[PDB]
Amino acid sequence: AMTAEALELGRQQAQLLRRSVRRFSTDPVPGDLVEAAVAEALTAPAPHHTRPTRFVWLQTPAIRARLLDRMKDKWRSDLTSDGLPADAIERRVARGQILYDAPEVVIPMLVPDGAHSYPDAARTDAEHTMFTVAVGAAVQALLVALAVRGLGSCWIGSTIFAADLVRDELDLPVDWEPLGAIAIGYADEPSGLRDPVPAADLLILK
């Protein structure tokens, strides 16, 4: 009976292991864990007869660094265009350092695999939104799949703001849409489990 109690509790802990981890240890990440975790991630739901998600694992360090630097130069240009002071700009661009330092980086991407073709913008946009939600679901499933294998992770939206650069740098076709980036590694400092608070104003009753 204790074993059954432990099994149930484990199941109800899986997603509470998931932290948006900012600092990783230098330990190397076994490739087998990433591959398995991505296979688990792709169990997330998808619209009928579609494959909205692709994961793009940036294994080549020089390709990763080139992409990140171009993204940073753009981010810097945008913020300087907004008239922020240099200290505010460096503070903000510093938040993307995690992608430089991360042992592994995977970019989730939307692709229109199985998408229905509509003649009108409204249903076209709707389909595209629907595909976007599905990639989002696979992102969570990846983050959890990693946590359950002892791997910390963090999803960051930054690639969404530089999609053309991402397609250019990775030589991907125009309909591949990046939906952020996922840093992966062993957490530098261990963390306790989440103990979620009630939904309160985030759950609406009708």
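All residue numbers refer to positions in the sequence shown, first residue = 1.
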Mean C-alpha B factor from the entry: is it higher for 192 to 200 or for 179 to 187?
192 to 200
Can you let me know which of the two, 26 to 34 or 156 to 164, has the higher average C-alpha B-factor in the entry?
26 to 34
Of the residues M130, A88, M109, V106, the one carrying the largest Cα B-factor as recorded:
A88
Entry record, C-alpha B-factors for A115, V135, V93, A126; the maximum is at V93
Entry-reported Cα temperature factor of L84, expressed as the chain third it lands in
highest
For the chain shown, is the CA B-factor of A65 in the lowest, middle or highest third of its modelled residues?
highest
Quick one: classify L170 as lowest, middle or highest third of the chain based on its Cα B-factor.
highest
Quick check for you: using the entry's CA B-factors within this chain, is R149 in the lowest, middle or highest third?
middle
